[PDB]
Structure formats: C-alpha cells, structure tokens
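Peer 1: If you scroll down you'll find the structure; I have some questions about it.
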2 protein chains.
Amino acid sequence: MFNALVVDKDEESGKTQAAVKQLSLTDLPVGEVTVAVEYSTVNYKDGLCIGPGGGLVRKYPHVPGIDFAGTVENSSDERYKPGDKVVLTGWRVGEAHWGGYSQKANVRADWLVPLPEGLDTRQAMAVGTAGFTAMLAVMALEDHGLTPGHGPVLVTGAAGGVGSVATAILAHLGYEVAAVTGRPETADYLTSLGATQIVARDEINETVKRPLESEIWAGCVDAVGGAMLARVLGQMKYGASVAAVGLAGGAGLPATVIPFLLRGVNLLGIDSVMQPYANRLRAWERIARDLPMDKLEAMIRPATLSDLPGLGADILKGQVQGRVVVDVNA
Amino acid sequence: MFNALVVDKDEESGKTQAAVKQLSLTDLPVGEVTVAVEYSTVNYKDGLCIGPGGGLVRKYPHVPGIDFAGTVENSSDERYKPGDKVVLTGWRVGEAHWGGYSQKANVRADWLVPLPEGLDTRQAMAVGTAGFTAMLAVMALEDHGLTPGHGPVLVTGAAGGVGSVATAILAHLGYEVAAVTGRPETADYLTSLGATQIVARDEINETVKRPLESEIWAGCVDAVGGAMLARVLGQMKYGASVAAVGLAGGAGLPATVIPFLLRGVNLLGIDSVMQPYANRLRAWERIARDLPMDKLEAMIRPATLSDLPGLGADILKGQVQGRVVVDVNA
Ligand SMILES: [Br-]
Ligand SMILES: [Br-]
C-alpha cells in the first residue's frame, strides 16, 4: 500500500475534506502506464482541487495534483518501459482524473513526456505547470516579434509560481523585466530572479476611464488577469502582445477594444492543459536551455503530502511565493 | 480653383457644419506630393470626421476623408513624379490632416503607395480603408493557422464596409463564411458575396453568464466590437483567433479571460492607420488577387462630394450597405 492525498465531499452539505490516506494499487483508475511518483508541486489550480473544487472536480473521492514526475513501474504501451523517467503536466490529470498527490499514478501513455535532458524529476516539478505555462507565454511573445532592447517586459503576479519562472527566463534571455507585486518585501527575491524594475500592484490593478495611457510595455506575461489585465492593455506599446495565463485577479475582463484597434495590440491565450506532444517537447527543451537551474533552485519551497491542505488554501489567497516541490515519498 | 468638402466648427456651441466649397491650391497645407484626387470613399471614421468629430479632429476648418486615390500632379520627392497613379489610406489623413474629400490633396511621399497591379483608382477606393482592414484581418487569421475545412469563419456586421470585403475575400479563398446582420432583408446581398450562413445579430449581441459556450467558429473578423465581441470570444473553437477591427457596437469590451486560458483563443488587434510601407504593399497585392473584382463591384454605391454630409450621418447609424465610391470630379 502507499500514501496519497484524498479529498472527500459531503454532498448534502457540499463541504470537502482533504487528508493523507493509504491506498492500494487497485484503488487507482486503470491505465496504460503506472508511475512510481517521485515529485509533484502546487499550482493555483491544485489549490482549487484540494479544497473547494472550483467546479473542476466532478468525481469524489479525488486524488488531486495536475503535475507529477517519476519512474515508470509498468506499461502496456511501447513508448514507455519500466525504469523510464517521465513527466506529467495537465491533460486534465488532477481534475477529471486522479493525479500526482500519490506515491503511484496511472495515466495514458499519450499524456507523458520523456524526462527532458538536463532536468531531474525534482527540477521538472520545480518547473511544473506554472513554469511550463511561463515558457509557453514567452514563446508566444517571441512568435509575435518580441526581442530584447525595446522596452520593459511586464510580469504581473511576479512573485508567484508562473511569475517567478517568467521573470527568470526573460531576465536570462536578456530582457528588462518589470515585476509586479502587492508586497514590497518580495522585491529582493524578485531582483534575485532577474527583475530590473519593481512595479507596485496598486499602481495598476484598477481600470481607468481613459481607454489609452502612455505606451510603456514591450510585452507582458499576465498571471493575474482581471482588472489589472484590462488596465495593462492600455499601456502596451504599439504592436506589443500580452500573454494571458492567470485569473487569480478574477475571471472578468473589463477591457475596451481601443488598444487592439488603435495600437495593434494582441491578447494571446496560453493553455497548458491540452498542449500537443510535439510542442510540449519543444517548450521543455527551451526550459532546459533558458531557465538557469540555480535560479529555479531559489524559487523552490519543499513540502510533503501532509502540507498540501495548508498550501492549497494559501496559494488561493496569493500567499505562496515561488514554486512548491512535493516529495511524495518523504 | 477646385471643390472640396469643408467642415466648420462653431466652438461656442461646439456644433459643426459640412459643405462643398471652392478652394485654391494655396489653401491646402504644404506637402511633398500634390495629388489630383480621382476617388475617395466613406469609412465609419469619415462619418465621425464629417459630423461631430468624435474627438478625432483638432483643427477646423477641416477637409475630411481618410482615403483617396488619383494621379500625382507635382512632387518634390523622387519616389513619385507627375502622372504616377497613387493610393492613400490612413496615416491620420482626414483626421490630423486635410484629406481626400477634395479634388486635390497634399501628402508626404511616405504616406502613399503606388496603385497596385490589377486595380484602377476607382477599385482602390471601392476597397478603401475598410477593405484594406479586412485583408489585414484575413492575413492575421492566416498567420495564426486559419485554413479552410475546419469550421465557419464568423464575420460580424457583414453587410457594412469591412464586413462585405471580408466576406468576399474569405468566400473566394474557400472558407465557409457565417455573416452576422440585424437586417434580414440583406441575406440575398450577403449570399451574393459568398456568405454560406446568415446569423442574426440578436442571437449574438449580448453577453451571457456562462464564460464558455459550445465551440463553433474557426475564426472571426469582428467589425462590431462591444458586447458582441465579448460574446463571440466564448464561442470560438480551441486555438481560434478573432481579428478585432471595429467598435460600431461600442468601445467597451465586457469579456472574461476564460476563453483565452481554457481554449488558447487569441484577440488580434488590426490597425490600418499606421501600417508600414512594406506590409501595405503586401496587403494590397493580396486584395488584387483574392477579392474578386465583380464581388467588389456589387458592393459599390456611387456618391459625390455633396452627398457626404448625409452619408456620414448614415454610416454612423449602421445605414450604409457595402462601400461608397466618391467621384470627387463628377
Ligand atoms: Br500582483
Ligand atoms: Br451585425
């Protein structure tokens, strides 16, 4: 038997409860590949799936965790054999299916990627969906003409999970990074990832009546959304793009069409969940090459399965800095 | 001396009046190239500059008209000489600078493009800023993977200027074009341009509480904006893109970020005004090749300078179908 985080729900009442529990192999859903999980992580979505559910989990009891990395235990699929190191992000694992907060996980072989060269299973989850999303965002900006030397790139929610990898990848590629945070004590941490400028959240988290402001940002990785994304749109330089990745600041988008029409701005939707295999390999290769491992190490916060109920709650309130690494075998 | 439409402003009350007037060459602002204008047209913005101004005109008296085409009369720039057929769209002509609603116009040589192969000056203005914008929208969707055979492409405000041209281009390139209109009597016109479905404005002109609806549209050219654009974002297929082109339905964009995050949807800003020389040539070549001239002809509504006050009022109310062609020399 083995350890896993299990969420139960009281349907009469609707309340949920998450606890570490012992399971057997036969309690897992059947699948092509069985992985002995070595590491997982905590994303904002995991926070939802650990606690309230946010309408993302449709079957209880539930093992959350949208990410994991580990070693293949058994497989009925040619692509993977016992011993192979593999990473799982997204594919609705941790939401529609049992996920990574477990010493063992069963998945479809289509959902896995080989462990990328230059990362171990621990760093792969230090990156996680948050870091993978950050790389997809940077790639979207590059595909739309972003190159260093044409103004600061804004990174909202910069001290969080997506923001910390975004900041470090962009800094390492040679960009000037303007890191947004509502908590000024995070400045030294952000500067140590490579932030050049620190923007206060309260400068930029309300809409204003003017549909256009002074052109400032050469690009943006938006891990916040909400009113702040609406306000940010009116401050992008002509022809610059914003990569939308986050909704912690709220799902609503109180924007105007004026930045798009008058300044040729783009709002680019970043989805990590359903990324095709080939693009997953490309983004992971870019992370291997463009995210300095010592910068990733400075983000890492260790945790066990027992910590997950507290960490899940904390990340929903924006009180988790950097990237949590869950040693499911600790 | 020669004829032009002049708008006067009564800055006390703030109300304007437009009328045909006789100018001399010396009344025109100085510039590098003098063009004997042959044709202009009526864009939504021209309606603003003809009438109330919409914050776009900062010096009266004002000759409006953001577009014109004709023959170079004199030139102090080596790029153009007497006799060259030239086309003007945008560059803030008709807004910041006296425009095409005149038998003669002075411009910077930087603002002109040679008359494109396959169009005469009349057809260039039947296309106009509106059609130029529609091609840029089609090009933006292509650059993001739009290709025939994967669903209908929505064109909002289909019976207007941008919408008519976009419809005909997309239909000629082999797409199924879903054409939005509030005027059901215009179905036969839209079918004649190549629309394969007619969609009623009232089905899609309000937001709904759900942030995602069923995936329908392979892409969109949006000449309306406002609530309709917010509603359309939630109906786009995974990874599909919207080319934002218009604001006749309102400048406010009451959207959510959910389509961008969950479906990888893009909102691509189309700016015609400041497009660089090289891309203008590319887009005009595409128009000459992919807008069938007989479809363009079916859009044409003839007009003279004296028609401009009424048409300017008409286009602001959504009461102009197709594309006006102004013979400034009739
Ligand atoms: Br923030
Ligand atoms: Br419409």
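By convention in this document, the chains of the structure tokens carry letters A, B, ... by their order, each chain's residues are numbered from 1, and ligands are numbered from 1 in the order they are shown.
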Within 10 Å of region 221-226 of chain A, counting only C-alpha atoms, which residues show up once you throw out same-chain ones fewer than 6 positions away? Write them as a PyMOL selection string, please.
Peer 2: (chain A and resi 130+133-138+140-141+153-158+160-163+166-167+170+179-180+205-207+232+241-255+267-268+270) or (chain B and resi 255-258+261)
Peer 1: What does the file look like for those residues with C-alpha atoms, as a tab-separated table (two decimals), in the first residue's frame?
Peer 2:
```
chain	number	residue	atom	x	y	z
A	130	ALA	CA	3.38	27.05	-13.69
A	133	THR	CA	3.00	27.88	-18.80
A	134	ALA	CA	5.61	30.62	-18.32
A	135	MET	CA	7.68	29.13	-21.15
A	136	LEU	CA	4.63	28.88	-23.43
A	137	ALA	CA	3.94	32.56	-22.72
A	138	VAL	CA	7.49	33.66	-23.58
A	140	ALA	CA	4.03	33.35	-27.72
A	141	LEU	CA	5.65	36.75	-27.28
A	153	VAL	CA	8.51	43.30	-20.31
A	154	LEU	CA	5.86	43.33	-17.59
A	155	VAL	CA	5.24	40.21	-15.47
A	156	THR	CA	2.15	40.52	-13.29
A	157	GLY	CA	1.99	38.43	-10.10
A	158	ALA	CA	5.74	38.13	-10.47
A	160	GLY	CA	4.04	33.68	-7.61
A	161	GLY	CA	4.55	30.42	-9.46
A	162	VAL	CA	4.06	31.48	-13.10
A	163	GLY	CA	5.65	34.88	-12.46
A	166	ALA	CA	8.63	34.03	-16.34
A	167	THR	CA	10.85	36.60	-14.62
A	170	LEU	CA	13.03	36.63	-19.52
A	179	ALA	CA	7.90	42.59	-11.90
A	180	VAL	CA	4.51	43.44	-10.32
A	205	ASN	CA	-4.90	46.92	-10.55
A	206	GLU	CA	-7.83	49.26	-11.22
A	207	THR	CA	-9.31	50.27	-14.54
A	232	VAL	CA	-2.37	46.74	-18.67
A	241	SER	CA	1.39	41.46	-27.11
A	242	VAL	CA	0.09	40.24	-23.75
A	243	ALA	CA	0.22	36.51	-22.92
A	244	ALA	CA	-2.83	35.71	-20.77
A	245	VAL	CA	-2.18	32.85	-18.35
A	246	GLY	CA	-3.86	33.58	-14.99
A	247	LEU	CA	-7.13	34.51	-13.33
A	248	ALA	CA	-6.14	34.90	-9.66
A	249	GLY	CA	-7.10	38.55	-10.03
A	250	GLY	CA	-10.51	37.48	-11.32
A	251	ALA	CA	-12.12	35.98	-14.44
A	252	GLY	CA	-13.84	39.17	-15.55
A	253	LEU	CA	-12.07	41.21	-18.22
A	254	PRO	CA	-13.41	44.89	-18.02
A	255	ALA	CA	-11.44	45.95	-21.09
A	267	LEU	CA	-4.10	39.28	-26.25
A	268	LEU	CA	-2.72	35.74	-26.61
A	270	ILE	CA	-2.00	30.44	-23.13
B	255	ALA	CA	-15.22	39.92	-21.68
B	256	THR	CA	-13.84	37.20	-19.42
B	257	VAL	CA	-10.34	35.74	-19.63
B	258	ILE	CA	-11.69	32.16	-19.64
B	261	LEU	CA	-6.88	30.49	-20.73
```
Peer 1: Please provide as a ChimeraX atom specification all residues within 7 Å of residue 101 (chain A), with the sequence filter that same-chain residues fewer than 4 positions apart are discarded (counting only C-alpha atoms).
Peer 2: /A:4-5,40,63-65,305,328
Peer 1: Taking only region 71-208 of chain B into account, list the residues labelled strand (DSSP E or B) by DSSP (computed from the backbone), as JSON, numbers by chain.
Peer 2: {"B": [71, 72, 73, 74, 75, 85, 86, 87, 88, 89, 93, 97, 102, 104, 105, 106, 107, 112, 113, 114, 153, 154, 155, 177, 178, 179, 180, 181, 197, 198, 199, 200]}
Peer 1: Closest to chain B among A:79, A:92, A:183, A:122, using only C-alpha atoms?
Peer 2: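 The closest residue to chain B is A:92.
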Peer 1: Which residue out of A:194, A:90, A:118, A:182 has the minimum interatomic distance to chain B when only C-alpha atoms are used?
Peer 2: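 Looking only at the distances to chain B, the closest residue turns out to be A:90.
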Peer 1: What are the coordinates of chain B as a short mmCIF file (atom, residue, chain, number, x, y, z; two decimals) with C-alpha atoms, in the first residue's frame following a least-squares fit to chain A on all in-order C-alpha atoms?
Peer 2:
```
data_model
loop_
_atom_site.label_atom_id
_atom_site.label_comp_id
_atom_site.auth_asym_id
_atom_site.auth_seq_id
_atom_site.Cartn_x
_atom_site.Cartn_y
_atom_site.Cartn_z
CA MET B 1 0.15 -0.08 -0.14
CA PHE B 2 1.12 3.59 -0.53
CA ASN B 3 0.27 7.13 0.52
CA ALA B 4 -1.87 9.66 -1.32
CA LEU B 5 -3.86 12.80 -0.57
CA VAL B 6 -7.58 12.00 -0.90
CA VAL B 7 -10.31 14.64 -0.96
CA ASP B 8 -13.74 13.54 0.28
CA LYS B 9 -16.92 15.50 -0.34
CA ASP B 10 -19.98 15.69 1.88
CA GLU B 11 -22.51 16.24 -0.93
CA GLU B 12 -25.25 17.10 1.58
CA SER B 13 -23.52 20.21 2.90
CA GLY B 14 -21.17 20.18 -0.11
CA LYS B 15 -18.01 20.69 1.97
CA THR B 16 -14.80 18.79 1.41
CA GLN B 17 -11.92 17.49 3.46
CA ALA B 18 -8.41 16.51 2.41
CA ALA B 19 -6.20 14.00 4.17
CA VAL B 20 -3.34 11.59 3.58
CA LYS B 21 -4.60 8.03 3.13
CA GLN B 22 -3.11 4.65 2.35
CA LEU B 23 -4.15 3.23 -1.02
CA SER B 24 -3.55 0.00 -2.85
CA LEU B 25 -2.66 -0.25 -6.53
CA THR B 26 -6.20 -1.54 -7.21
CA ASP B 27 -7.75 1.67 -5.86
CA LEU B 28 -6.11 3.63 -8.69
CA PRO B 29 -8.08 3.95 -11.94
CA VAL B 30 -6.94 1.57 -14.65
CA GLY B 31 -4.45 2.96 -17.16
CA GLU B 32 -1.71 2.15 -19.63
CA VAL B 33 1.26 3.40 -17.57
CA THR B 34 1.85 3.17 -13.83
CA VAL B 35 4.38 5.68 -12.54
CA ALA B 36 6.19 5.56 -9.21
CA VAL B 37 5.75 9.27 -8.55
CA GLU B 38 8.81 11.02 -7.13
CA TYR B 39 7.72 14.67 -7.06
CA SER B 40 4.72 16.88 -7.56
CA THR B 41 4.02 20.57 -6.90
CA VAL B 42 1.27 23.04 -6.03
CA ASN B 43 -0.33 25.12 -8.80
CA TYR B 44 -3.15 27.63 -8.32
CA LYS B 45 -5.58 25.04 -9.76
CA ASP B 46 -4.32 22.37 -7.35
CA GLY B 47 -5.45 24.72 -4.57
CA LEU B 48 -8.97 24.61 -6.03
CA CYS B 49 -8.94 20.82 -6.42
CA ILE B 50 -7.46 20.38 -2.92
CA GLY B 51 -10.21 22.45 -1.32
CA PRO B 52 -13.60 23.63 -2.58
CA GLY B 53 -13.17 22.16 -6.08
CA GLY B 54 -13.95 25.32 -8.04
CA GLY B 55 -16.20 23.37 -10.40
CA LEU B 56 -13.12 21.42 -11.57
CA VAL B 57 -13.72 18.09 -9.78
CA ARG B 58 -16.75 16.04 -10.69
CA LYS B 59 -16.18 12.78 -8.85
CA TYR B 60 -15.17 12.24 -5.21
CA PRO B 61 -13.17 10.73 -3.57
CA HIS B 62 -10.44 12.49 -5.58
CA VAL B 63 -6.64 12.36 -5.66
CA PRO B 64 -5.66 15.85 -6.93
CA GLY B 65 -2.38 17.08 -8.42
CA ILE B 66 -2.23 18.22 -12.03
CA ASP B 67 1.52 17.49 -12.26
CA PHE B 68 3.93 14.74 -11.33
CA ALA B 69 7.26 13.31 -12.41
CA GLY B 70 8.88 9.96 -11.70
CA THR B 71 9.81 6.51 -12.98
CA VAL B 72 7.65 4.15 -15.03
CA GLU B 73 6.81 1.10 -12.96
CA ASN B 74 4.80 -0.81 -15.58
CA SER B 75 3.59 -0.04 -19.09
CA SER B 76 1.34 -1.66 -21.68
CA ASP B 77 2.31 0.97 -24.26
CA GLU B 78 5.50 0.56 -26.29
CA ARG B 79 6.55 4.21 -25.77
CA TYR B 80 7.50 3.59 -22.11
CA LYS B 81 9.05 0.72 -20.18
CA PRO B 82 10.01 0.11 -16.52
CA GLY B 83 12.76 2.52 -15.52
CA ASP B 84 11.90 5.39 -17.91
CA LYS B 85 11.88 8.79 -16.20
CA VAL B 86 8.71 10.63 -17.24
CA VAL B 87 6.93 13.95 -16.67
CA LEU B 88 3.18 14.60 -16.45
CA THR B 89 1.59 18.05 -16.67
CA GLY B 90 -2.03 18.76 -17.47
CA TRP B 91 -4.29 16.65 -19.72
CA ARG B 92 -6.93 17.17 -16.93
CA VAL B 93 -5.00 14.91 -14.54
CA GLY B 94 -5.74 16.16 -11.05
CA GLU B 95 -9.15 17.38 -12.23
CA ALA B 96 -11.00 14.73 -14.23
CA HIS B 97 -8.55 12.00 -13.20
CA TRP B 98 -6.66 11.02 -10.06
CA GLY B 99 -3.39 12.88 -9.97
CA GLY B 100 0.15 13.39 -8.71
CA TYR B 101 -0.60 13.68 -4.97
CA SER B 102 0.23 10.00 -4.60
CA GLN B 103 3.22 7.71 -4.52
CA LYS B 104 1.76 5.97 -7.62
CA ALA B 105 -0.22 7.24 -10.61
CA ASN B 106 -1.85 5.63 -13.66
CA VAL B 107 -2.03 7.59 -16.91
CA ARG B 108 -2.44 7.23 -20.63
CA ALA B 109 0.88 7.03 -22.44
CA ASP B 110 -0.40 9.95 -24.55
CA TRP B 111 -0.25 12.23 -21.50
CA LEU B 112 3.42 11.67 -20.65
CA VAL B 113 6.60 13.23 -21.93
CA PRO B 114 10.11 11.82 -21.45
CA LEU B 115 12.08 13.59 -18.74
CA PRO B 116 13.82 16.39 -20.66
CA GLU B 117 17.59 16.53 -21.05
CA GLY B 118 19.08 18.71 -18.33
CA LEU B 119 16.36 18.32 -15.67
CA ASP B 120 15.95 15.69 -13.03
CA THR B 121 12.47 14.79 -11.81
CA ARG B 122 12.70 17.24 -8.90
CA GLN B 123 13.61 20.16 -11.17
CA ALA B 124 10.82 19.20 -13.59
CA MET B 125 8.26 19.71 -10.82
CA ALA B 126 9.95 22.83 -9.45
CA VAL B 127 9.08 24.05 -12.94
CA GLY B 128 5.69 22.32 -13.03
CA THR B 129 2.60 23.46 -14.89
CA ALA B 130 3.33 27.01 -13.69
CA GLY B 131 6.80 27.13 -15.24
CA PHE B 132 5.68 25.22 -18.33
CA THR B 133 2.98 27.87 -18.80
CA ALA B 134 5.55 30.66 -18.37
CA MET B 135 7.71 29.23 -21.17
CA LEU B 136 4.71 28.94 -23.49
CA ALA B 137 3.95 32.58 -22.70
CA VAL B 138 7.52 33.61 -23.53
CA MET B 139 7.33 31.59 -26.75
CA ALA B 140 4.03 33.25 -27.75
CA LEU B 141 5.56 36.71 -27.26
CA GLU B 142 8.62 35.71 -29.30
CA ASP B 143 6.40 34.39 -32.11
CA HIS B 144 4.87 37.88 -32.26
CA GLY B 145 8.16 39.80 -32.53
CA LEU B 146 9.27 40.25 -28.90
CA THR B 147 13.05 40.78 -28.82
CA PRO B 148 15.35 42.47 -26.26
CA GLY B 149 16.22 46.17 -26.39
CA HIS B 150 12.80 47.68 -27.13
CA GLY B 151 11.35 48.26 -23.67
CA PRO B 152 10.50 46.43 -20.46
CA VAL B 153 8.44 43.23 -20.39
CA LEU B 154 5.81 43.33 -17.65
CA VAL B 155 5.27 40.23 -15.49
CA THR B 156 2.23 40.49 -13.26
CA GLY B 157 1.94 38.52 -10.03
CA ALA B 158 5.71 38.22 -10.35
CA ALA B 159 6.39 36.55 -6.99
CA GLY B 160 4.09 33.59 -7.61
CA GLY B 161 4.72 30.41 -9.54
CA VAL B 162 4.15 31.43 -13.16
CA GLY B 163 5.53 34.88 -12.39
CA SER B 164 8.78 33.71 -10.81
CA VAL B 165 9.63 31.38 -13.70
CA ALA B 166 8.68 33.94 -16.37
CA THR B 167 10.84 36.53 -14.58
CA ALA B 168 13.91 34.28 -14.52
CA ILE B 169 13.51 33.10 -18.13
CA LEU B 170 13.03 36.62 -19.48
CA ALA B 171 15.92 37.98 -17.40
CA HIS B 172 18.18 35.19 -18.63
CA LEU B 173 17.19 35.88 -22.25
CA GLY B 174 18.35 39.49 -21.87
CA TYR B 175 15.06 41.35 -21.31
CA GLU B 176 14.35 44.09 -18.82
CA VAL B 177 11.65 42.60 -16.63
CA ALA B 178 9.22 44.84 -14.75
CA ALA B 179 7.88 42.71 -11.87
CA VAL B 180 4.45 43.48 -10.35
CA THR B 181 3.75 42.67 -6.70
CA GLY B 182 1.57 43.79 -3.83
CA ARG B 183 4.15 42.62 -1.27
CA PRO B 184 6.99 45.19 -1.23
CA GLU B 185 9.01 42.85 1.04
CA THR B 186 9.45 40.58 -2.03
CA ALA B 187 11.49 43.08 -4.06
CA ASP B 188 14.82 41.47 -3.07
CA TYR B 189 13.57 38.03 -4.08
CA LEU B 190 12.38 39.34 -7.46
CA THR B 191 15.64 41.22 -8.06
CA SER B 192 17.51 37.99 -7.28
CA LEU B 193 15.54 36.25 -10.04
CA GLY B 194 16.65 39.03 -12.43
CA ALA B 195 13.84 41.60 -12.26
CA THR B 196 15.20 45.03 -13.15
CA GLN B 197 12.16 47.07 -12.04
CA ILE B 198 9.63 46.51 -9.26
CA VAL B 199 6.11 47.77 -10.00
CA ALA B 200 3.55 48.03 -7.20
CA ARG B 201 0.28 46.15 -7.64
CA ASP B 202 -1.80 49.16 -6.54
CA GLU B 203 -0.46 51.23 -9.46
CA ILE B 204 -2.05 48.96 -11.99
CA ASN B 205 -4.85 46.89 -10.45
CA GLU B 206 -7.80 49.14 -11.42
CA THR B 207 -9.25 50.32 -14.70
CA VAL B 208 -9.21 54.04 -15.57
CA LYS B 209 -11.56 56.07 -17.75
CA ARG B 210 -8.97 56.71 -20.48
CA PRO B 211 -8.91 53.79 -22.97
CA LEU B 212 -5.26 54.48 -23.88
CA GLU B 213 -2.39 55.51 -21.65
CA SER B 214 1.27 56.13 -22.44
CA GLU B 215 3.05 53.33 -24.30
CA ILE B 216 5.34 51.53 -21.86
CA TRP B 217 5.46 47.73 -22.14
CA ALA B 218 7.23 45.85 -24.94
CA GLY B 219 5.16 42.79 -23.93
CA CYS B 220 3.52 41.08 -20.96
CA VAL B 221 3.15 37.72 -19.21
CA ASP B 222 -0.11 38.14 -17.27
CA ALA B 223 -0.61 35.70 -14.40
CA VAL B 224 -3.29 37.87 -12.71
CA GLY B 225 -6.00 38.77 -15.23
CA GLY B 226 -9.05 40.70 -14.11
CA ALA B 227 -8.97 44.47 -13.85
CA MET B 228 -5.15 44.50 -13.92
CA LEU B 229 -5.13 42.87 -17.36
CA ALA B 230 -7.70 45.37 -18.66
CA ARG B 231 -5.53 48.22 -17.36
CA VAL B 232 -2.32 46.72 -18.79
CA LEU B 233 -3.80 46.49 -22.30
CA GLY B 234 -3.89 50.31 -22.44
CA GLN B 235 -0.21 50.66 -21.56
CA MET B 236 1.28 48.32 -24.19
CA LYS B 237 3.58 49.70 -26.86
CA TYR B 238 2.34 49.68 -30.45
CA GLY B 239 2.09 46.12 -31.77
CA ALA B 240 3.03 44.57 -28.42
CA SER B 241 1.34 41.43 -27.11
CA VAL B 242 0.03 40.13 -23.78
CA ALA B 243 0.17 36.41 -22.95
CA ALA B 244 -2.94 35.77 -20.85
CA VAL B 245 -2.03 33.09 -18.32
CA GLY B 246 -3.98 33.65 -15.10
CA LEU B 247 -7.21 34.64 -13.41
CA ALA B 248 -6.20 34.94 -9.75
CA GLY B 249 -7.21 38.59 -9.91
CA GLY B 250 -10.62 37.64 -11.26
CA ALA B 251 -12.10 36.08 -14.37
CA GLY B 252 -13.92 39.20 -15.61
CA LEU B 253 -12.03 41.21 -18.24
CA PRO B 254 -13.32 44.87 -18.14
CA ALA B 255 -11.44 45.96 -21.25
CA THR B 256 -12.01 48.23 -24.24
CA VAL B 257 -11.23 47.36 -27.84
CA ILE B 258 -9.29 50.62 -28.35
CA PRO B 259 -5.78 49.21 -27.65
CA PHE B 260 -6.38 46.51 -30.26
CA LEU B 261 -7.70 48.81 -32.97
CA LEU B 262 -5.49 51.83 -32.43
CA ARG B 263 -2.21 50.14 -31.42
CA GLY B 264 -2.40 46.70 -33.04
CA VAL B 265 -2.08 45.08 -29.60
CA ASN B 266 -2.65 41.31 -29.20
CA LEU B 267 -4.05 39.26 -26.31
CA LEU B 268 -2.69 35.71 -26.67
CA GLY B 269 -4.36 32.87 -24.78
CA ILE B 270 -1.97 30.41 -23.16
CA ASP B 271 -3.47 26.92 -22.58
CA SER B 272 -1.07 24.49 -20.93
CA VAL B 273 -3.63 21.76 -20.30
CA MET B 274 -4.04 20.38 -23.84
CA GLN B 275 -0.75 21.30 -25.51
CA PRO B 276 0.12 18.63 -28.12
CA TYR B 277 3.02 16.26 -27.61
CA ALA B 278 5.34 17.95 -30.13
CA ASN B 279 5.00 21.42 -28.62
CA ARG B 280 5.42 20.06 -25.07
CA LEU B 281 8.82 18.71 -26.07
CA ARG B 282 9.77 22.04 -27.64
CA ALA B 283 8.73 24.05 -24.58
CA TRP B 284 10.52 21.68 -22.17
CA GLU B 285 13.71 21.91 -24.26
CA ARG B 286 13.44 25.71 -24.04
CA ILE B 287 13.04 25.52 -20.25
CA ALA B 288 16.10 23.28 -19.92
CA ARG B 289 18.07 25.88 -21.90
CA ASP B 290 16.70 29.27 -20.78
CA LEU B 291 15.65 28.81 -17.12
CA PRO B 292 18.91 28.83 -15.10
CA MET B 293 18.80 25.95 -12.62
CA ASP B 294 20.15 28.08 -9.75
CA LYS B 295 17.37 30.62 -10.28
CA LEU B 296 14.88 27.72 -10.19
CA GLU B 297 16.50 26.48 -6.96
CA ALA B 298 15.97 29.90 -5.30
CA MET B 299 12.22 29.51 -6.00
CA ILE B 300 11.84 26.10 -4.38
CA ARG B 301 9.75 25.59 -1.24
CA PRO B 302 9.86 21.95 0.00
CA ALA B 303 6.65 20.19 1.01
CA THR B 304 5.12 16.81 1.82
CA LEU B 305 1.69 15.31 1.22
CA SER B 306 0.49 16.34 4.70
CA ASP B 307 1.37 20.00 3.92
CA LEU B 308 -1.01 20.02 0.95
CA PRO B 309 -4.30 21.13 2.63
CA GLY B 310 -2.72 24.28 4.09
CA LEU B 311 -0.69 25.11 0.98
CA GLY B 312 -3.77 24.63 -1.20
CA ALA B 313 -5.56 27.18 0.97
CA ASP B 314 -2.48 29.44 0.93
CA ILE B 315 -1.99 29.51 -2.83
CA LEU B 316 -5.62 30.59 -3.37
CA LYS B 317 -5.05 33.66 -1.18
CA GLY B 318 -1.83 34.72 -2.92
CA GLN B 319 0.33 33.55 0.03
CA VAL B 320 2.78 31.22 -1.74
CA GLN B 321 6.01 32.66 -3.13
CA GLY B 322 7.90 30.70 -5.76
CA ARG B 323 7.27 27.04 -6.48
CA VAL B 324 6.43 24.23 -4.06
CA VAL B 325 8.13 20.87 -4.64
CA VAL B 326 6.20 17.93 -3.17
CA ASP B 327 8.36 14.90 -2.32
CA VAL B 328 5.55 12.34 -2.18
CA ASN B 329 8.04 9.78 -0.80
CA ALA B 330 9.59 11.78 2.08
#
```
